[PDB]
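Undergrad: turn this into a model:
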Amino acid sequence: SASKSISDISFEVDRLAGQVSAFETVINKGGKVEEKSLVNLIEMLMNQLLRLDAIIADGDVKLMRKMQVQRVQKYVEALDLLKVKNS
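TA: Numbers count the residues shown, from 1 in each chain. And now the structure:
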């Protein structure tokens, strides 16, 4: 069922978010981490996002691409404002 799949994704993303927080703590304490550990984590999160989208869209790749382009805008817009604000 799509319901249980979404639940599992929720659980897994909670786990990955816990790992992100921990890495943020390492950095805040003065520590050095390898970029590939962070790139790997990004990939793990992206995999969950794609599984979720495939469920939401019932596999329709056009809807999936559309949902992704839509959700990204919020962040791209805030980052654009920051670049122009320029401090």
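Undergrad: hey, let's count contacts and neighbours off CA atoms from now on
TA: OK.
Undergrad: quick check on residue 57: phi, psi?
TA: Note on residue 57: its backbone torsions stand at phi -90, psi 0 [degrees, to the nearest 10].
Undergrad: where's the spatially most central residue of the chain relative to residue 10, distance?
TA: The chain has residue 45 as the residue nearest its centroid, 4.9 Å off, counting by C-alpha atoms, centre = their mean. From residue 45 over to residue 10 the distance is 11 Å, taken as C-alpha to C-alpha, to the nearest Å.
Undergrad: whatever helix or strand residue 14 lives in: what's the following helix or strand?
TA: Residue 14 is part of helix 2-28, with elements assigned from DSSP states H and E. Using DSSP H and E, the next helix or strand after helix 2-28 towards the C-terminus is helix 35-56.
Undergrad: give me the contacts around that following helix.
TA: With C-alpha atoms under 8 Å, 6 or more residues apart in numbering as the test, helix 35-56 has contacts from 2, 6, 9, 12-13, 16, 20, 59-61, 64, 67.
Undergrad: now, of these, which are buried?
TA: With burial judged by 16 or more other C-alpha atoms under 10 Å, the buried subset of these is 6, 9, 13, 16, 64.
Undergrad: mind picking the two most distant members of these?
TA: Greatest spacing in the buried ones among the contacts of helix 35-56, by C-alpha to C-alpha: 16 and 64 (22.2 Å).
Undergrad: can you pull the contacts of residue 30?
TA: No contacts exist for residue 30 under C-alpha under 8 Å, 6+ apart.
Undergrad: give me the phi and psi for it.
TA: According to degrees, to the nearest 10, residue 30 has phi 100, psi 10.
Undergrad: same deal with residue 58?
TA: The phi and psi values for residue 58, taken as degrees, to the nearest 10, are phi 50, psi 40.
Undergrad: and it, how many neighbours does it have?
TA: Residue 58: 12 surrounding residues under other C-alpha atoms under 10 Å.
Undergrad: packing partners of the host helix or strand of residue 81?
TA: In the assignment (DSSP H and E), residue 81 maps to helix 61-85. Here helix 61-85 touches helix 35-56, going by 3 or more C-alpha pairs under 8 Å, 6 or more residues apart in numbering; DSSP states H and E.
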